[PDB]
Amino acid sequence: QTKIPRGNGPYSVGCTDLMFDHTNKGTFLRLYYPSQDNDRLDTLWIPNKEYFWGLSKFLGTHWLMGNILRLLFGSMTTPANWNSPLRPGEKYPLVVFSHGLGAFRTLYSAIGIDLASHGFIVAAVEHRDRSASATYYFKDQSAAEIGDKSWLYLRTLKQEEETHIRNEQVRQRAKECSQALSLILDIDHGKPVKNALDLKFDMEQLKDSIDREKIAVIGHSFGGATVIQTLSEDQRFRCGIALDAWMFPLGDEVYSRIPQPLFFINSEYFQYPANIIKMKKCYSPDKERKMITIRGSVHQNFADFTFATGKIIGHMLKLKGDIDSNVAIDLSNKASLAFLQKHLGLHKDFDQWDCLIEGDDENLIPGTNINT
């Protein structure tokens, strides 16, 4: 079937989408969560043709390639139970997840599904900062009722625009992570919400479902910078995991304003000194910062298209590294779970992977190959 790996944990996984409010300033997220039932693994991975058009634009091609992607991938599933009921009787720790440049909310389901299978609720935000390849919203309530979507595509920047616009974007991304957290926490305490999407998952199930002290933010690339900006602004997030962070968007002021623990998980082949030096600026003896590098990995080992092609085409497109993609994502996910247990205070068995936080594995490098 799909080659996106099923979650390794003992919980079955459901998935749904939530948009509220309906406007371009509302929150849009894909939720992965522990499900009551494991009926059938039928979640559509990339759910609209316009995402494929957006990806082609991001990759520098035109509408013909978008339609080719749609033919290849437009019916692929990802292994979660679409709209399955939430598993009752437990309060779950919560992760807010931020996607990279040219991605969108559905492209990190390998991570989201594995976290949910270990008993997390995961809210993968879709950013409206024009960093997503595509996203959509509704211009009024009637448009939402009809499914009359307004699409917003990735913005390309002139070199003169990069410093200012990328910092504006990372600030909007952090606001969107904090707004998504507030939406979920408000639903958890009984706020009535009318999902702008008509879906057979009743959001009232989320009432009293969140362990409100155990909140983390995780993100890849642009989303790794978003982790750091979000932690700086919002202390409801108790720790962060930055997956191959692209640090360029961040202003100098954030590096001293992050009280929470922070974990950098890097690929071997993406990092460079000008990027790594900003990660080192976060280090201080009064704070917990950990860094590991996954041997033989490329930037996109963290994103779902690392599973979507064969070994040789994937390597040529830089979707795959020297390391097997399942081995790489398992290391990132297991090290993440250990870090989350330690700094959220979970009473699980994730500390069996504490050694991964130290880089103690044949496929891990403690710290970074970039000595700067």
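The numbering used is simple: start at 1 and walk along the sequence shown. If you superpose the two forms and keep the largest set of C-alpha atoms that fall within 1.5 Å, you have the rigid core.
Annotation: of the segments 40-48 and 53-61, 40-48 departs further from this form in 8 other deposited structures of this protein (C-alpha atoms, root mean square over structures and residues, core superposition). Taking the root mean square of CA deviations in 8 other deposited structures of this protein after fitting on the rigid core, 311-319 and 62-70 differ, and the farther of the two is 62-70. 320-328 and 57-65 differ in mean CA B-factor, and the higher of the two is recorded for 57-65.
Comparing 287-295 with 193-201, the higher mean C-alpha B-factor in the PDB entry belongs to 193-201.
Between the residues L72, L250, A242, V95, it is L72 that shows the highest Cα B-factor in the PDB record. Of the candidates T27, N333, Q341, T309, the deposited coordinates give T309 the top C-alpha B factor. Split the chain's modelled residues into thirds by C-alpha temperature factor. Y137 is in the middle one. Ranked within its chain, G119 lands in the middle third, by CA B factor from the PDB record. The deposited CA B-factor of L157 belongs to the highest third of values across its chain. Among all modelled residues in its chain, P273 ranks in the lowest third by Cα B-factor.
Among the modelled residues of the chain, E126 sits in the lowest third by CA temperature factor in this PDB entry.
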